[PDB]
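A.B. asks: A structural model of the following input is requested.
(6 chains)
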Amino acid sequence: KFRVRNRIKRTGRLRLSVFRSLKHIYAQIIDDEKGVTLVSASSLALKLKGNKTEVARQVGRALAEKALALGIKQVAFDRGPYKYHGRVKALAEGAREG
Amino acid sequence: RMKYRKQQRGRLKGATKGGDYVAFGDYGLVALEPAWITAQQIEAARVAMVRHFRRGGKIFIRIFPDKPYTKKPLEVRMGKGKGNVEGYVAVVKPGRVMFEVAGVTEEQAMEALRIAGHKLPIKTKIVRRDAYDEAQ
Amino acid sequence: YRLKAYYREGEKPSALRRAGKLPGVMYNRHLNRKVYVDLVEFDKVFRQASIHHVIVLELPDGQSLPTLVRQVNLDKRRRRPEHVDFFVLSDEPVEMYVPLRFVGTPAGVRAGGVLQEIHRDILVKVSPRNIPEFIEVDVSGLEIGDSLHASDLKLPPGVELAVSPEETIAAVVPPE
RNA sequence: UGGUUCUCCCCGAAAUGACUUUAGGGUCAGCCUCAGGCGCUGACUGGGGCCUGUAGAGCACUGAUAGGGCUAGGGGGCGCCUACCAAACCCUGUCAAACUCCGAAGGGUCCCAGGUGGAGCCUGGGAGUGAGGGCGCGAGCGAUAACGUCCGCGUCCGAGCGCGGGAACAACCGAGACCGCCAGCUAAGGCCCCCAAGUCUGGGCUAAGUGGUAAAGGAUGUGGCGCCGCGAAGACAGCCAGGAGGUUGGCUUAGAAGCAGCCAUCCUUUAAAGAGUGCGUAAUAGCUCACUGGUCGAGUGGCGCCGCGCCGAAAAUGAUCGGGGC
RNA sequence: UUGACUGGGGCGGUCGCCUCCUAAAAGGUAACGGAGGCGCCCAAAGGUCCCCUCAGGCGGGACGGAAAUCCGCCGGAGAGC
RNA sequence: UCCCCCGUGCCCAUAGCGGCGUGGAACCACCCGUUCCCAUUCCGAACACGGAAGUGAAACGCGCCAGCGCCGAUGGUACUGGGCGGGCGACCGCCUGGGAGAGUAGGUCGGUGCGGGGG
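C.D. replies: Residues are numbered from 1 along each chain as shown, chains lettered A, B, ... in the order given. Shown next is the protein structure:
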């Protein structure tokens, strides 16, 4: 089993919980200490193309505008099994860096 | 016959554990006063027990020494006693059932235990059964 | 058997105890009440009745409840009951211990050796309408050797043994 | 080490911690007193919020444990087999300062309140103390010895050897003495006399002078309650009479043929039923009911808790509960 | 000059620090009371990022104990530190 | 509104183990491949990328079951702040507040916010 929880090591509020399926990637901005979610940007549960990586971006841009819209910026990335690689949000806007 | 030992005297308060119930056997020997019973005593009783009815039934000794009884050599003061020397003992709080017999007549059984009591440094009482259990 | 069970109001358990009563309690998934009887009473009944046979209490107001004693407490110094919980029976299949009887005389006399009632009475799941008085033990062909346990009993109908099965229920051993 | 001189008033300790060639000495802290300053924050109490790991209790880990079961292995002839000799493992029972699945009362602290007290807090002047002791409760050491010894919480003595009680008596009971009174109420403990106040009024127990302070263990010592017999199937005590037949079955019989000792516990048969509890020797041979009629016509045998008492109980100058005497 | 403690002193033991217990559920707490350590060690045994999860028990496997190394289940911690 | 499912948090075993049928349209997974990114002390097993043919057998989701596990009263006691008697003592007992642990009855194969995709 993977006890990953690479997260849990999230203390500076605002979590960009991702989630790669086997076709669609979902990202989600969440507030801890007070369990609730705000910004969201799925893969095909949205629409756009059929190419993972390619999509993985236009799917992140999504969070950008969407988020910035309601006054969001500085945050920390996320997703544990994640393995910072292919899946990506390498995009402007959010000051989550990376 | 084990563990790290030469322990603290400690004391015997109320006999909140002085009062079980015949577990096996048929008749029994329950204690009335609290005390430390030297193994020397147990045997000295048990023996006379069996010995009272040569080639008889079964004897059950629920009490069991494990507490080390220390003692000084006949001098003054300087660290705990040589300890043990004489040996170990078991702690009996008024009510505990020490010995219990079975497989024999009450005339034989009852009279058997009576003797034991003389060996023990306490005051005893003899019991039958039919009492406690967990049935319905 | 039976015996008055006067409703316990709820005041000074000792007062009773000392006075003459004997605090108790009756209950099941439905009922739960404070009761009290009388030493001489309860004794005279239990001493022989115990908790193997059914007990029916006569509540001051008509009531006639079928019960059994699930547990009684003792005042260590000089065995004397302190409390009693009564199981108000009904119809649902219930658990309970039933007595056993060892008849005959298994080899063990030439040189001696006596048995050892390893489980006087056992619990077996059964429906109230049927509640065996005592069960039989056809053991008498075993010496200092082994012993019987579990499913070695002619457990009648509705007597699905409620144990392991494996509980050594008897054994014969050497003398002194 | 000893000594240290007039008077009154107010408050009043300490005998602990740390470090000390320190240990009957000393430095700082703690407790005392004085001056000034701050003013409800004091002790204690109520209601909330957490902290805790004891008493109990409990085996879930660490160990210990009696019995049975089951079972690697290991002795013994040796394949089968055989007593837990015996691993783990499952029950039944348990034990533990340095074990805990659990866990009180209680204790600690913060907040809000009550609380004007020889309460508090801040600064400064002066100290003494640093030799404690008893009692109660909780633990070590001891021997569940010591007016023993160490700690912990409290208290009293210390400094209240001032007052009442306890015969007397630092610390047990009562109670904190500015002073005066030939006034009253009460504490403790007392009310037969010494000796103030009932030979007070019911209801019971005890006959030892218990009371007037000793144990295991003993006895139909007394008084009050209980359960088992079982009594026209009318013995419970005198008492009559049989004192049954195969019983005289077992190693040892030299002798068990109860009246040697280890194996029995059947039968015949009725007065009834001794599979013999009893005086013996060589067994055996005899004795009494442990069974039954006649009268006799009634409470009798068997266990068990409770109150009081009795035996157990021997020391040294003359004895006694403080005395007398009950 | 030739120490102190010490149920008299001498002899004996001890003298600082760490950890359990005693210790009475906050701290703290004695005794020549019970029971063990320390007077060092790591240049990786330290940083950070990224991965992995033990010990046992049960089968199955050439040499192969009763754990050498493999494969398969079970095993929340009894290993490790 | 009420269903289904993919992410997530919270309560922290009454959601656990083990059984018993079900779900593939969606989702999810397993699958299809190893050219590229990047991979395993050797293995694309795991990480990873590219694809979607086939499957619900694994795994996960959802239900039912009590045999194991976990929970678990009420009563009643043990012990106990505080106060207090008896006895020479060892110890026993009452008053006033608190009050387990075991064991019984019994309960349980979850509960619940947030955001999404589908009828």
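A.B. asks: Where do the strands of the chain begin and end?
C.D. replies: Picking chain A for this. Using DSSP state E, the strands of chain A run over residues A:15-17, A:27-31, A:36-41.
A.B. asks: Correction: the question concerned chain C.
C.D. replies: Along chain C, counting by DSSP E, strands occupy C:2-4, C:23-27, C:32-36, C:55-58, C:64-67, C:69-74, C:81-87, C:97-102, C:114-115, C:121-125, C:135-137, C:160-161, C:172-173.
A.B. asks: the helices in the chain, which residues?
C.D. replies: All of this refers to chain A. Assigned by DSSP state H, the helices in chain A fall at A:52-69.
A.B. asks: try chain B instead
C.D. replies: Under DSSP H, chain B gives helices at B:39-52, B:106-119.
A.B. asks: what about the first one, distance to the chain center?
C.D. replies: By that I understand helix B:39-52. Remark: helix B:39-52 is offset 10 Å from the chain centroid, using CA atoms, centre = their mean, to the nearest Å.
A.B. asks: For it, enumerate the helices and strands it packs against.
C.D. replies: Contact here means 3 or more CB pairs under 8 Å, 6 or more residues apart in numbering or on different chains; DSSP states H and E; on that basis helix B:39-52 packs against strand B:58-61, strand B:87-92, strand B:97-102, helix B:106-119. Bear in mind the C-beta positions are built from the backbone N, C-alpha and C, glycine included.
A.B. asks: Out of these, flag the one nearest residue C:141.
C.D. replies: Nearest to residue C:141, of all these, is strand B:58-61, at 20.8 Å by CB to CB.
A.B. asks: so what secondary structure elements neighbour that closest one?
C.D. replies: The contact analysis (3+ CB pairs under 8 Å, 6+ apart) places strand B:58-61 against helix B:39-52, strand B:97-102.
A.B. asks: who wins for proximity to residue C:101 among the ones you listed?
C.D. replies: Once those are compared by CB to CB, strand B:97-102 is nearest, at 16.6 Å.
A.B. asks: do the closest one and RNA strand D meet?
C.D. replies: No: if you take CB under 7 Å from any atom of the strand as the test, strand B:97-102 misses RNA strand D, and the best it gets is 8.1 Å.
A.B. asks: Paired strands for that strand, with orientation please.
C.D. replies: strand B:28-31 (antiparallel), strand B:58-61 (antiparallel) (DSSP bridges).
A.B. asks: List of residues touching the first one?
C.D. replies: In this case it means strand B:28-31. B:18-20, B:22, B:92-101, B:113, B:116-117, B:120, B:122-129 (CB atoms under 8 Å, 6 or more residues apart in numbering or on different chains).
A.B. asks: Show the buried residues in those residues.
C.D. replies: Buried members of these, counted by 16 or more other CB atoms under 10 Å in any protein chain shown: B:18-20, B:22, B:92-101, B:113, B:116-117, B:120, B:122, B:124-126.
A.B. asks: so which of those also contact RNA strand F?
C.D. replies: Contacts with RNA strand F within those, as defined by CB under 7 Å from any atom of the strand: residue B:94.
A.B. asks: circling back: among the helices and strands packed on strand B:58-61, which comes closest to residue B:88?
C.D. replies: helix B:39-52 (5.8 Å).
A.B. asks: any idea of the angle the closest one forms with strand B:87-92?
C.D. replies: 80 degrees (axes from the mean of the first three to the mean of the last three CA atoms, to 10 degrees).
A.B. asks: hey, C-alpha coordinates of helix B:39-52 in PDB?
C.D. replies: What follows is helix B:39-52 as a C-alpha-only set of coordinates in PDB (Å, rounded to 0.1, in the frame of the first residue of the first chain):
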ATOM      1  CA  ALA B  39       5.700 -22.300  51.300                       C
ATOM      2  CA  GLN B  40       7.000 -24.200  54.300                       C
ATOM      3  CA  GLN B  41       3.400 -24.000  55.600                       C
ATOM      4  CA  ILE B  42       1.600 -24.900  52.400                       C
ATOM      5  CA  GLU B  43       3.400 -28.200  52.000                       C
ATOM      6  CA  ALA B  44       3.300 -28.900  55.700                       C
ATOM      7  CA  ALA B  45      -0.500 -28.700  55.200                       C
ATOM      8  CA  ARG B  46      -0.900 -30.300  51.800                       C
ATOM      9  CA  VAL B  47       1.300 -33.200  52.800                       C
ATOM     10  CA  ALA B  48      -0.700 -33.900  56.000                       C
ATOM     11  CA  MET B  49      -3.700 -33.500  53.600                       C
ATOM     12  CA  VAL B  50      -2.800 -36.400  51.300                       C
ATOM     13  CA  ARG B  51      -1.200 -38.200  54.200                       C
ATOM     14  CA  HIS B  52      -4.600 -38.100  56.000                       C
END
